[PDB]
Amino acid sequence: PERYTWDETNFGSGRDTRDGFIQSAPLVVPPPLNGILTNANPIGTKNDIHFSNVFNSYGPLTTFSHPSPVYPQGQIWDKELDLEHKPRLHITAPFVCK
Amino acid sequence: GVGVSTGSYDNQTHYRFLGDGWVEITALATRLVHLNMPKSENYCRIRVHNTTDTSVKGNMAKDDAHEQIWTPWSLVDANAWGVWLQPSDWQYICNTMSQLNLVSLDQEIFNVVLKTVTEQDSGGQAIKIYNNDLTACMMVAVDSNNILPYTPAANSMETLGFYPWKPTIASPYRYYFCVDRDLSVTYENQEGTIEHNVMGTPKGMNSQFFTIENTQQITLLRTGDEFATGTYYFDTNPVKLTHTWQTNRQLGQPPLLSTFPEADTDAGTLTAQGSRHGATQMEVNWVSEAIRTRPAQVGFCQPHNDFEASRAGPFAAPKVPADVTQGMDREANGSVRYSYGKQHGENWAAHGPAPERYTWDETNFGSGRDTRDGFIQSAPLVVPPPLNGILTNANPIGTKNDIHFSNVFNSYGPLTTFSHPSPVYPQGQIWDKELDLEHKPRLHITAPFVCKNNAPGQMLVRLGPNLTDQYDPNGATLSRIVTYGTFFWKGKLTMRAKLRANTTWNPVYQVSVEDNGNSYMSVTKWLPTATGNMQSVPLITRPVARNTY
Amino acid sequence: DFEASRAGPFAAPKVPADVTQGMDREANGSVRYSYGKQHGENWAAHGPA
Amino acid sequence: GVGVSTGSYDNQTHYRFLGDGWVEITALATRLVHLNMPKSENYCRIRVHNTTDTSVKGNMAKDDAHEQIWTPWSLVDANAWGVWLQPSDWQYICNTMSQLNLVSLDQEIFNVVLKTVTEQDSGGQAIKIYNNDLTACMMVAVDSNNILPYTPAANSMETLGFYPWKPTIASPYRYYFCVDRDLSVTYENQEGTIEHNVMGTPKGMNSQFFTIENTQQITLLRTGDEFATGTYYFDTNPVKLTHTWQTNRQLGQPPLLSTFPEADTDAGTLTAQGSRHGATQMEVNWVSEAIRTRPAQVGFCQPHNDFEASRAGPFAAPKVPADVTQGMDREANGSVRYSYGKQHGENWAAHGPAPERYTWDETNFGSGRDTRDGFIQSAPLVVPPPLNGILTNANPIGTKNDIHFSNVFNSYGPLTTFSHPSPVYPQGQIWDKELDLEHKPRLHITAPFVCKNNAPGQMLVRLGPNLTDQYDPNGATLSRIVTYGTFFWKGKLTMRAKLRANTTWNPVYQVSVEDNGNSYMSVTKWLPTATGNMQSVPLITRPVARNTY
Amino acid sequence: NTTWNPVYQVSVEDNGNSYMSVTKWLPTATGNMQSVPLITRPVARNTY
Amino acid sequence: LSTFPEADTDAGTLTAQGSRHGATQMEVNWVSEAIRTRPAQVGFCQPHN
Amino acid sequence: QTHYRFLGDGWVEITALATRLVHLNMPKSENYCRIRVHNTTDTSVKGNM
DNA sequence: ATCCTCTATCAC
DNA sequence: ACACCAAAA
DNA sequence: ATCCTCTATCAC
DNA sequence: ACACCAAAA
DNA sequence: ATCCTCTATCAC
DNA sequence: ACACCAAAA
DNA sequence: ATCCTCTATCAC
DNA sequence: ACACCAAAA
DNA sequence: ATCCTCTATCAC
DNA sequence: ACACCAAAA
Ligand SMILES: [Ca+2]
Ligand SMILES: [Ca+2]
Ligand SMILES: [Ca+2]
Ligand SMILES: [Ca+2]
Ligand SMILES: [Ca+2]
Ligand SMILES: [Ca+2]
Ligand SMILES: [Ca+2]
C-alpha cells in the first residue's frame, strides 16, 4: 500500500523537544546542573526516556487550533461519543455533529 | 477658520446611583499629547539578535530573538486602569462594590497644534525658534475592523500618563513578523559548543506585511479640525471584587465533635478515625480531613519554569496566578512582577534610569500550593509510608539535585476548579482581544476583561510629511521641514457595579491609609513633595472576604 | 496526590472510573463509605464498629 | 478661512461581491504631490537634434530628432496599474477572476499647501527659511474636451508613486510640433558621407500651437479651496485573464488511432498517411498534421526590425506581442522591454542612475513563431524538397548573409486570427485614447483599454506667479518670489470582474510566492529592508489556462 | 485580501521532480493515475 | 527599539534587560522575550507514545 | 458535477454531485458470526505488544 | 462637476 | 451611463 | 450656563 | 429665584 | 461615527 | 446595544 | 429539453 | 428566437 | 411560602 | 418554572 504522513500547518503551536527545558525554584541567570532538567537527563533509569515523554503541558491558559481536513483519503464528518462529558474535538475528522 | 478650541477638558469620574444598589460609573479622561516626526519615513522590517547574551552557556532564558516591523505610525493606548480612575476612587469602588464590568468606551481628539522649529542665530551663537504652521496636518485612523495585529501598550508600560496635569506621548506602532528562530540548551559551563544559535529568513507561507495606508481610512487634521470615535460597547464578563479562602480542607460538613473545650485555651476532639462515619476514595478503614472526599479540586499543581519552545524560540509558559502560600512559592503560583516607570508610578524624584518594580501576590487563597508539603504516597495506602513508598520534594528527578516532582507535575483536570485573577490598579491592563484560535483559553493572565466578540479598534496617529522646496523621489534620502505637534485626547469609560451586602457580624478588611509611617499604606505616598513629586503604588483589589461554599 | 495549601495537606479528589482487571482501586477513584445503623449497618451488629 | 482640511486620505481597495459571481472592484488612491515653479515663464518651442549620434554611419536607429513645445504646465497622470492596486490584490484578481473591465474614474485635489523660501543668514553663513504664503494660489484645469494632444506618462515611466506612504511629483506638459526631419541610411563604416542629415523649419500647413490658457477653464486654488473632477464613465472592452495554447496543429479532431500503447512508455500510431481520410489544400495523395486543414491561422509572421520612415524621420514598426517560442525569438514576436526607476520599481537601495529593466514575454502560446523552423516549400508540393525547391532561414536575401525571408515576410491575412495582449502589473498603462484616423487600428500595444468614444481629459496643474515689488513687462527677464507647493490627490477607479469557473480536473497554474530563495517569486522581493527599501516586480497576468477551440 | 505582499497559493508545476507536478494528476498512456493529498489552508491567518 | 540599523545588513537593539519596563512572573530584575508575560499558552506538551 | 453558486457578501453555496457504479455479491456467511481475533503469533514476542 | 477641437453629454 | 462623433445623444 | 463634595437647582 | 442641605427643591 | 481581515453592526 | 463570527445580526 | 467553461438562454 | 459574452439577455 | 450574600424569583 | 448571577429575570 502507498503511505503518506501529514504534517499539520498550525505553526506557533508545535513543540521542539530538544530545546524544551525546565529550570528551577527561584530563577537563576545561567542554571547550575542540578538546577535544570533537560532532554538529556533520563527518567526512571532509562537512557532515552526524558521528561518530554511524560510531561503534559495542558491547562486553562492552554489554547490551540482545530486540525485541518486532508483532501483525498480524509474523513468528513463523524458521530459524537455518547459520553455525558465530551471531547473538545476528534482527530478522526473535521466535522462533528452536535 | 482657526483660533477656536475644538473640545473640552474633563478628567472627572461620576458615580450614578440607581436602585437595587446598581451603579453606573463614568470615567472621564482628558490628556495632552505631544508628537514629533517619525524618524523612518517608511516601514522597516528590522531584526533583533542578542548574540551578546545568547552565546553564554547558561543564558537562553534571556533570549530576545525576533524580527519586528517598524511602522512610521504611533499608537494611542488607554488600556490601563491607571489612566481612568483616581487612586481614592479605586479605593472606593473596591471597598464598596461587589463586582465590576466594562460597558462602553468613547474617544475624542481635538485642539490640534502643529509647529515647526528653525535652529537659527548662526550669526551670534546657537538658538532655536518655535512657530506654528497652519496648513500642516496630522493624521488619524482607526483599525476598527482590526486588520492589524493587536499591540497592548501595558504589554510594555507605554500607555498614557496616569497624571492629568502632566502631558504625555505615544508608543510607536510595531508588530511581529515571521522568522523561525532556534536555540540549543546549555548550563553554567558544561562542555562543547552551543551547537547552533540560528535566526532565519522570511517564509513564503507566513509572511504578513500590512500598511496603515492600505488598510484604514485616514483622516486629515489641521488646527481647526477635530476627530471623534464611534461608541464601542463592551461584551464582557464582570469581575468579582472579593477574595476567597476555603480550600479542599474546609468544604462543607466539619467533623462531629465529641469533646467540648473547658476554657478559652484547650481545644476539642473528634471521633475515632477508625470508628468514624463518612466516605473516602482510599482503601484504609478510617477517616481524616486529609483523605476525606471533597466536591472538587480547588487550585492545582503547576510545572515550575516550564520553558518550552517552538519555531519561534524558547519562552516561559504562562500560568494562572494564585496565592503564594506560607511556602512563599512565588514563581510557583504565578505572581507577577511589573517594572513601571515615572509616567506610571516610580517616585518621582528617583534618580537614574533604574525602573521601579512591584510583585503582585494573588489573593485567592485556598487555591495556592506549598511545594514543600506536597507529596505523593503509593499504591494501596499505608498509615506511615516507608521510604520507597512516597516521593517528596526532596527526591530528585532525572538525576538533578534541586529538580523535583513539583517542577514537572501538573495537577490540572476535570475536578480542578479555580478563580479568575484580579485586576491591578495602576499599571494594570483592562481589556484584551481574544486569540483567533478555533479553540480558546479559559482566560488571559494578561488582563481581566476579554472581549467575547470583536474588540476596540486601535487608534493610530502620525504627523504629516512637511516637505521642503527640494525633492527628488529617486533621490537617496532627503530633507523635510522639522515639525512636531500636540493635541488633547478625551476618553469616556463607563462601568457597572453593585454595592456589596453586609451579612457577617465581625467587621471586615477594608483598604485604608495610615498616618505618616513606615507603613505600606501611608498617606504621604499619594501626596506631593515640596517640589511636587508623587508616585502611584498598586492597591488591593478585593479587600473583602467572599464565600465559596 | 496529597497536595497542600494554607489549610494543610489533603488527598486530591478524582473522577471515579472502572477499577479494571488490575483491581487498581485507589487508582481509579472508587469510593469507600462508612455508614451506620440509621443508614444501613445490620442492625444487630455489635460494637461502635 | 483656513486651518481646516479639505479632503481625506484613503488608499483602499474594495471587493464588492454580487450574484452570478460578478464583482465590483473599487480602487482608492490618495497621494501627496510636490510642486515648484516652472522655470520657463512661457511656452518654449524647443528643438532636439543629436548630431553627436546621428553622424555615425551605423547609427540612425538612435535618432532622437524632433521639436517639442514646452508648456509651463504640469500633467497629473495616474494611468498606470501600479498606482491603484496593491501587489497582493493584482495576485488575487488574476488568480481568481476571468475578466476585467474599466468602469469609471473619479479624481480629487485638496489640502493645498503653498510656501515661499527665503535664503537668508548672509550675516553668519548660508541658511534657508521656510514659510507659507496664504494669498498665493495654485492653478488647475481639465482638458475634458481633449483639445490638447494626448500625453500618456507611462509613455515615459513618469506617472505617480506606486508607494502611498512616499510622496511624488508631476511630469511637465510637453507636446510634439511639426518639422519634417530627414536621415540617410548607412552601415558600420561603408563609404562616402551621410548624404544629408537635415532637420527643418515649421510648415504653414501643419503648425499647431495651443495654450492651456486659451483652451481650458482654469480654477484658482488657495489653501482653503479644493477641486474635484466630474465622474468619467469608461466605454471599453473587457480583458480576458487567461492565456491560451492551442496552435494550428491542435485544432479539433485528432487523427484516429490504430495502435494502442502497451506500457506507460511506448506510444501509439495512426493510419497510413497515404491511406488516411481527411482534407488538405496541397496536391499530395496523403495526409499529415502538418498539411491538414485548420479553421484559420493562429498568430502570423511579422517583419523583423522594420524601420520605416516618413517626413518625421525613421522609426521601428510596432508589432502585436506574442509568445517568444522555444526559438527564444524576442524581437521577432514583439516582447517589450521596460526601463522603470525607483518611483516605479527599482530596488530601492540600487546605486547609480542606472535604471532597472524588464522584458515581458507574452503568454498567448500557439500564437508565437520560431523563425528557425519556418520555411517555404515550392510549387507542386514534393515529399522531400530539393534545394532550389525550398527557401529556408539560411538562404540570404538581397545579398546579405543574416537577412532572411523572415525579416521581410508578412504572414497576415483574412484567416489570420490572434489574441489581444495582456496588461503588465506595475509600470503598465491602463487605458488610452484612439487615433483620430478615419480608419482605425485593431488595438494598441501601448495599453489594454482603448476608449471607444471620447476619453478622460488630462488634468493639468501649475503654480501661480508670485510677483515681487519690482516689475517691468518690457523688462528683459525678471524676478519672482521663490515658491513651491504640495497637495493631495485622490482617485477612484471602479472595475468589474467575474469569478472563474473550475471545470478541469487537474489543478492549474496559480501565481504564488516562495520562501526565502533565489526564486523569481520570493516573498522578500515585496518586503521592506532594515532601512525600509522595496521594489515592485512585474507579475503574471493570466496564470490560468483558457481554451480556444 | 488585506496584506500587501502576495501570499502562498496552491499551484502546480511543469514536468518536474516537484511534489506539485501536473503529471501526478494526469493519466498515463494506458490510463493510470494517482491522487496525492493536497494542502488545505495555503493562506496565512493572524491570531492576534 | 533604541538602536536603528544603518544598512540592510546589521540589525537593531533593545533596551537594557535590567533597565527595561514590562512585567513577568519570575523573580529576576530584568526582562526578556523568553520570560515576558503572554495572553495565554499556544500549543502544549504532549506525552510521547 | 460540482456547482459553485455565488451569492452576495461573497458567500457561496457549493453543491457536490456524486454518482457511482457499485458491484455486489453474495455474503458468504448466511448468518451473523461472532468471530474472534488473537495474534499470538505476534503477541508472544517480548518487545511486541 | 470630464464626453470625441467651443459654449454643450447639447442635443436630453 | 444613456449620450458609441456627426446628428436629431 | 454657578446651588451646599458628582452627574444634578436633580429632585422641577 | 423657587430650589433655605438632606429629601421628595 | 469602532464590530470579529473590505465595503458593511450589513445583514437591520 | 441588538448585531455573541459565520449566516440570514 | 443545447446558449459562449457551472447552476443558468439566468439574467427573462 | 429574444437572450449577439460579459452585464443588467 | 426557598432563587445565586438583604429587602427581593425583584426585576415580573 | 420563567426568573440560567449580574441586569433590565
Ligand atoms: Ca467589517
Ligand atoms: Ca464639447
Ligand atoms: Ca463641460
Ligand atoms: Ca452644574
Ligand atoms: Ca465601519
Ligand atoms: Ca442548460
Ligand atoms: Ca424570599
# chains A, B, ... in the order shown; residues from 1 in each chain; ligands from 1
>>> residues_near_ligand(ligand="ligand 5", cutoff="8 Å", atoms="only C-alpha atoms (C1' of nucleotides) and all ligand atoms", output="list in words")
residues 144 and 145 of chain B; 2 and 8 of chain L
>>> residues_around(residues="residue E:1", least_positions_apart="2", cutoff="8 Å", atoms="only C-alpha atoms (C1' of nucleotides)", output="PyMOL selection string")
(chain D and resi 88-89+92) or (chain E and resi 3) or (chain L and resi 5)
>>> write_last_selection(atoms="N, CA and C atoms (P, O5', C5', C4', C3', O3' and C1' of nucleotides)", output="PDB file, in the first residue's frame")
ATOM      1  N   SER D  88      -0.397  42.215  -3.839  1.00  0.00           N
ATOM      2  CA  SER D  88      -1.274  41.117  -3.466  1.00  0.00           C
ATOM      3  C   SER D  88      -2.600  41.110  -4.236  1.00  0.00           C
ATOM      4  N   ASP D  89      -3.260  42.258  -4.285  1.00  0.00           N
ATOM      5  CA  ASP D  89      -4.527  42.321  -4.980  1.00  0.00           C
ATOM      6  C   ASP D  89      -4.401  41.822  -6.411  1.00  0.00           C
ATOM      7  N   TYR D  92      -4.593  38.321  -6.366  1.00  0.00           N
ATOM      8  CA  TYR D  92      -5.965  37.939  -6.150  1.00  0.00           C
ATOM      9  C   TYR D  92      -6.828  38.006  -7.401  1.00  0.00           C
TER      10      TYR D  92
ATOM     11  N   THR E   3      -3.228  42.172   3.003  1.00  0.00           N
ATOM     12  CA  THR E   3      -1.775  42.287   3.179  1.00  0.00           C
ATOM     13  C   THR E   3      -1.152  43.367   2.300  1.00  0.00           C
TER      14      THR E   3
ATOM     15  P    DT L   5     -11.333  38.587  11.901  1.00  0.00           P
ATOM     16  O5'  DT L   5     -11.040  39.610  10.719  1.00  0.00           O
ATOM     17  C5'  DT L   5     -10.536  40.909  11.003  1.00  0.00           C
ATOM     18  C4'  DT L   5     -10.269  41.646   9.714  1.00  0.00           C
ATOM     19  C3'  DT L   5     -11.422  41.512   8.701  1.00  0.00           C
ATOM     20  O3'  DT L   5     -11.758  42.762   8.057  1.00  0.00           O
ATOM     21  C1'  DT L   5      -9.391  40.716   7.763  1.00  0.00           C
TER      22       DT L   5
END
>>> residues_near_ligand(ligand="ligand 2", cutoff="12 Å", atoms="only C-alpha atoms (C1' of nucleotides) and all ligand atoms", output="ChimeraX atom specification")
/D:143-147,215-216,454,457 /H:2-11 /I:5
>>> write_last_selection(atoms="C-alpha atoms (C1' of nucleotides)", output="compact mmCIF listing (two decimals), in the first residue's frame")
# COMPACT_ATOMS: atom_id res chain seq x y z
CA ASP D 143 -8.87 69.26 -20.90
CA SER D 144 -12.11 67.37 -20.82
CA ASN D 145 -12.84 68.15 -24.46
CA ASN D 146 -9.30 66.97 -25.16
CA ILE D 147 -8.23 69.90 -27.30
CA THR D 215 -8.34 76.30 -24.21
CA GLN D 216 -9.43 75.44 -20.68
CA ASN D 454 -14.16 60.34 -26.06
CA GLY D 457 -9.47 64.65 -20.07
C1' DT H 2 -14.53 65.14 -17.62
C1' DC H 3 -17.69 63.18 -23.49
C1' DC H 4 -14.85 62.74 -29.31
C1' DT H 5 -11.41 70.65 -31.05
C1' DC H 6 -16.21 75.83 -28.01
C1' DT H 7 -20.30 77.05 -25.27
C1' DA H 8 -22.55 71.99 -24.77
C1' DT H 9 -23.18 64.51 -22.50
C1' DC H 10 -26.23 69.85 -26.02
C1' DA H 11 -28.76 67.78 -28.41
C1' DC I 5 -18.87 61.58 -33.48
>>> interface_residues(of="chain D", to="chain H", cutoff="12 Å", atoms="only C-alpha atoms (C1' of nucleotides)", output="MDAnalysis selection string")
chainID D and resid 104:108 141:149 208 210 214:217 227:235 433:436 451:459
>>> atom_distance(atom1="atom CA of residue B:467", atom2="atom CA of residue D:114")
10.6 Å
>>> atom_distance(atom1="atom CA of residue D:81", atom2="atom CA of residue D:355")
19.7 Å
>>> residues_around(residues="residue B:282", least_positions_apart="2", cutoff="6 Å", atoms="only C-alpha atoms (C1' of nucleotides)", output="VMD selection string")
(chain B and resid 280 284) or (chain C and resid 26)
>>> write_last_selection(atoms="C-alpha atoms", output="PDB file, in the first residue's frame")
ATOM      1  CA  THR B 280     -13.155   8.384  51.130  1.00  0.00           C
ATOM      2  CA  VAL B 284      -7.928   2.466  54.640  1.00  0.00           C
TER       3      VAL B 284
ATOM      4  CA  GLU C  26      -7.203   3.892  44.724  1.00  0.00           C
TER       5      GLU C  26
END
>>> select_by_dssp(residues="chain F", states="strand (DSSP E or B)", output="PyMOL selection string")
chain F and resi 3+13+22-24+36+41-42
>>> interface_residues(of="chain D", to="chain G", cutoff="10 Å", atoms="only C-alpha atoms", output="list in words")
residues 15, 16, 17, 18, 19, 20, 21, 22, 23, 499, 501, 502 and 503 of chain D
>>> write_last_selection(atoms="N, CA, C and O atoms", output="mmCIF file, in the first residue's frame")
data_model
loop_
_atom_site.group_PDB
_atom_site.id
_atom_site.type_symbol
_atom_site.label_atom_id
_atom_site.label_comp_id
_atom_site.auth_asym_id
_atom_site.auth_seq_id
_atom_site.Cartn_x
_atom_site.Cartn_y
_atom_site.Cartn_z
ATOM 1 N N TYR D 15 -13.688 44.986 -2.642
ATOM 2 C CA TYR D 15 -14.180 43.938 -3.493
ATOM 3 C C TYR D 15 -15.625 43.748 -3.161
ATOM 4 O O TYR D 15 -15.955 43.133 -2.158
ATOM 5 N N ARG D 16 -16.503 44.287 -3.984
ATOM 6 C CA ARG D 16 -17.906 44.115 -3.703
ATOM 7 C C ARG D 16 -18.397 42.907 -4.464
ATOM 8 O O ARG D 16 -18.287 42.835 -5.682
ATOM 9 N N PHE D 17 -18.944 41.948 -3.738
ATOM 10 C CA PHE D 17 -19.411 40.739 -4.379
ATOM 11 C C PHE D 17 -20.881 40.750 -4.653
ATOM 12 O O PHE D 17 -21.672 41.077 -3.776
ATOM 13 N N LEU D 18 -21.243 40.363 -5.870
ATOM 14 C CA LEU D 18 -22.636 40.316 -6.289
ATOM 15 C C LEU D 18 -22.914 38.913 -6.827
ATOM 16 O O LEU D 18 -21.990 38.104 -6.984
ATOM 17 N N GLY D 19 -24.177 38.626 -7.126
ATOM 18 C CA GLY D 19 -24.536 37.306 -7.627
ATOM 19 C C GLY D 19 -23.876 36.861 -8.922
ATOM 20 O O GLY D 19 -23.129 37.624 -9.542
ATOM 21 N N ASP D 20 -24.151 35.620 -9.325
ATOM 22 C CA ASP D 20 -23.592 35.068 -10.553
ATOM 23 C C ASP D 20 -22.112 35.390 -10.579
ATOM 24 O O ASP D 20 -21.508 35.537 -11.638
ATOM 25 N N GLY D 21 -21.546 35.530 -9.386
ATOM 26 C CA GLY D 21 -20.131 35.813 -9.254
ATOM 27 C C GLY D 21 -19.555 37.035 -9.941
ATOM 28 O O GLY D 21 -18.393 37.027 -10.365
ATOM 29 N N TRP D 22 -20.352 38.084 -10.067
ATOM 30 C CA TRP D 22 -19.829 39.289 -10.667
ATOM 31 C C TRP D 22 -19.171 40.063 -9.560
ATOM 32 O O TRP D 22 -19.513 39.888 -8.386
ATOM 33 N N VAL D 23 -18.218 40.912 -9.899
ATOM 34 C CA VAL D 23 -17.604 41.663 -8.839
ATOM 35 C C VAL D 23 -17.320 43.091 -9.224
ATOM 36 O O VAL D 23 -16.953 43.398 -10.362
ATOM 37 N N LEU D 499 -15.901 35.841 -11.331
ATOM 38 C CA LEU D 499 -15.083 34.740 -10.868
ATOM 39 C C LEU D 499 -14.988 33.670 -11.942
ATOM 40 O O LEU D 499 -15.952 33.438 -12.684
ATOM 41 N N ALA D 501 -14.584 29.823 -13.463
ATOM 42 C CA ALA D 501 -15.271 28.605 -13.106
ATOM 43 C C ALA D 501 -14.249 27.492 -13.157
ATOM 44 O O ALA D 501 -13.352 27.533 -13.992
ATOM 45 N N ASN D 502 -14.367 26.508 -12.265
ATOM 46 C CA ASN D 502 -13.425 25.390 -12.266
ATOM 47 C C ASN D 502 -14.114 24.215 -12.956
ATOM 48 O O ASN D 502 -15.200 23.791 -12.543
ATOM 49 N N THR D 503 -13.481 23.698 -14.008
ATOM 50 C CA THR D 503 -14.057 22.604 -14.786
ATOM 51 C C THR D 503 -13.098 21.471 -15.168
ATOM 52 O O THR D 503 -13.552 20.380 -15.536
#
>>> atom_distance(atom1="atom CA of residue B:488", atom2="atom CA of residue B:169")
10.8 Å
>>> interface_residues(of="chain E", to="chain L", cutoff="12 Å", atoms="only C-alpha atoms (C1' of nucleotides)", output="MDAnalysis selection string")
chainID E and resid 1:3 44:48
>>> write_last_selection(atoms="C-alpha atoms", output="mmCIF file, in the first residue's frame")
data_model
loop_
_atom_site.group_PDB
_atom_site.id
_atom_site.type_symbol
_atom_site.label_atom_id
_atom_site.label_comp_id
_atom_site.auth_asym_id
_atom_site.auth_seq_id
_atom_site.Cartn_x
_atom_site.Cartn_y
_atom_site.Cartn_z
ATOM 1 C CA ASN E 1 -7.140 40.485 0.567
ATOM 2 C CA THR E 2 -5.555 42.932 3.019
ATOM 3 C CA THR E 3 -1.775 42.287 3.179
ATOM 4 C CA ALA E 44 -1.709 32.981 6.323
ATOM 5 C CA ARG E 45 -4.251 33.962 9.015
ATOM 6 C CA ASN E 46 -3.488 36.104 12.044
ATOM 7 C CA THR E 47 -4.157 35.072 15.602
ATOM 8 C CA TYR E 48 -3.597 38.320 17.449
#
>>> residues_around(residues="residue D:63", least_positions_apart="6", cutoff="8 Å", atoms="only C-alpha atoms (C1' of nucleotides)", output="VMD selection string")
chain D and resid 50 53 to 54 314
>>> interface_residues(of="chain E", to="chain A", cutoff="7 Å", atoms="only C-alpha atoms", output="NGL selection string")
:E and (35 or 37-38 or 40)
>>> write_last_selection(atoms="C-alpha atoms", output="PDB file, in the first residue's frame")
ATOM      1  CA  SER E  35      -4.371  11.122  -6.051  1.00  0.00           C
ATOM      2  CA  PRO E  37      -3.111  14.712  -0.678  1.00  0.00           C
ATOM      3  CA  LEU E  38      -3.199  18.493  -1.047  1.00  0.00           C
ATOM      4  CA  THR E  40      -5.678  22.783   2.958  1.00  0.00           C
TER       5      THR E  40
END
>>> select_by_dssp(residues="stretch 93-125 of chain B", states="helix (DSSP H, G or I)", output="ChimeraX atom specification")
/B:93-96
>>> interface_residues(of="chain F", to="chain B", cutoff="6 Å", atoms="only C-alpha atoms", output="list in words")
residues 11, 12, 19, 21, 22, 23, 24, 25, 26, 32, 33, 34, 35, 39 and 40 of chain F
>>> interface_residues(of="chain B", to="chain C", cutoff="6 Å", atoms="only C-alpha atoms", output="PyMOL selection string")
chain B and resi 275+277-282+290-291+325+368-370+374-376
>>> interface_residues(of="chain B", to="chain D", cutoff="7 Å", atoms="only C-alpha atoms", output="VMD selection string")
chain B and resid 1 to 2 42 to 46 122 to 123 134 to 135 201 to 204 213 to 215 217 to 225 469 473 to 474
>>> decode(residues="chain M", atoms="N, CA and C atoms (P, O5', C5', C4', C3', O3' and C1' of nucleotides)", output="short mmCIF file (atom, residue, chain, number, x, y, z; two decimals), in the first residue's frame")
data_model
loop_
_atom_site.label_atom_id
_atom_site.label_comp_id
_atom_site.auth_asym_id
_atom_site.auth_seq_id
_atom_site.Cartn_x
_atom_site.Cartn_y
_atom_site.Cartn_z
"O5'" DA M 1 -26.36 47.95 25.64
"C5'" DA M 1 -26.17 46.53 25.51
"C4'" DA M 1 -26.31 46.08 24.07
"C3'" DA M 1 -25.05 46.23 23.21
"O3'" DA M 1 -24.98 45.16 22.23
"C1'" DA M 1 -26.75 47.58 22.32
P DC M 2 -23.95 45.25 20.97
"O5'" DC M 2 -24.86 44.79 19.74
"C5'" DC M 2 -26.16 45.37 19.49
"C4'" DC M 2 -27.25 44.55 20.14
"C3'" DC M 2 -27.28 43.08 19.72
"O3'" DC M 2 -27.27 42.19 20.85
"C1'" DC M 2 -29.43 44.07 19.35
P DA M 3 -26.12 41.06 20.94
"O5'" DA M 3 -25.51 41.05 19.45
"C5'" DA M 3 -26.18 40.36 18.38
"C4'" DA M 3 -25.73 40.89 17.03
"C3'" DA M 3 -24.36 41.57 16.94
"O3'" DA M 3 -23.70 41.09 15.77
"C1'" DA M 3 -25.90 42.81 15.77
P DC M 4 -22.44 40.09 15.90
"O5'" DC M 4 -22.58 39.48 17.37
"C5'" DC M 4 -23.10 38.17 17.57
"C4'" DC M 4 -22.09 37.30 18.28
"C3'" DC M 4 -22.50 35.82 18.32
"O3'" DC M 4 -21.37 34.96 18.11
"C1'" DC M 4 -22.24 36.62 20.54
P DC M 5 -21.59 33.47 17.54
"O5'" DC M 5 -21.91 33.68 15.99
"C5'" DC M 5 -21.19 34.64 15.21
"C4'" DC M 5 -20.15 33.95 14.36
"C3'" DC M 5 -18.90 33.47 15.09
"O3'" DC M 5 -18.38 32.34 14.38
"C1'" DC M 5 -18.30 35.12 13.53
P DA M 6 -19.12 30.91 14.48
"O5'" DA M 6 -18.47 30.05 13.31
"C5'" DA M 6 -18.34 30.56 11.98
"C4'" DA M 6 -19.70 30.94 11.42
"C3'" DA M 6 -20.03 30.46 10.00
"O3'" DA M 6 -21.46 30.29 9.87
"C1'" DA M 6 -20.09 32.75 10.07
P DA M 7 -22.07 29.15 8.89
"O5'" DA M 7 -22.85 29.96 7.76
"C5'" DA M 7 -24.25 30.15 7.86
"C4'" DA M 7 -24.54 31.35 8.72
"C3'" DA M 7 -26.00 31.51 9.13
"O3'" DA M 7 -26.08 31.93 10.51
"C1'" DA M 7 -25.25 33.48 8.16
P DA M 8 -27.52 32.28 11.17
"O5'" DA M 8 -27.91 33.71 10.54
"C5'" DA M 8 -29.28 34.14 10.39
"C4'" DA M 8 -29.37 35.36 9.49
"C3'" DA M 8 -30.79 35.88 9.19
"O3'" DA M 8 -30.73 37.29 8.87
"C1'" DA M 8 -29.80 35.19 7.19
P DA M 9 -30.79 38.40 10.05
"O5'" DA M 9 -29.32 39.04 10.05
"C5'" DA M 9 -28.17 38.31 10.55
"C4'" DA M 9 -27.05 39.25 10.94
"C3'" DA M 9 -25.94 38.63 11.78
"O3'" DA M 9 -24.68 39.33 11.66
"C1'" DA M 9 -27.17 40.19 13.11
#
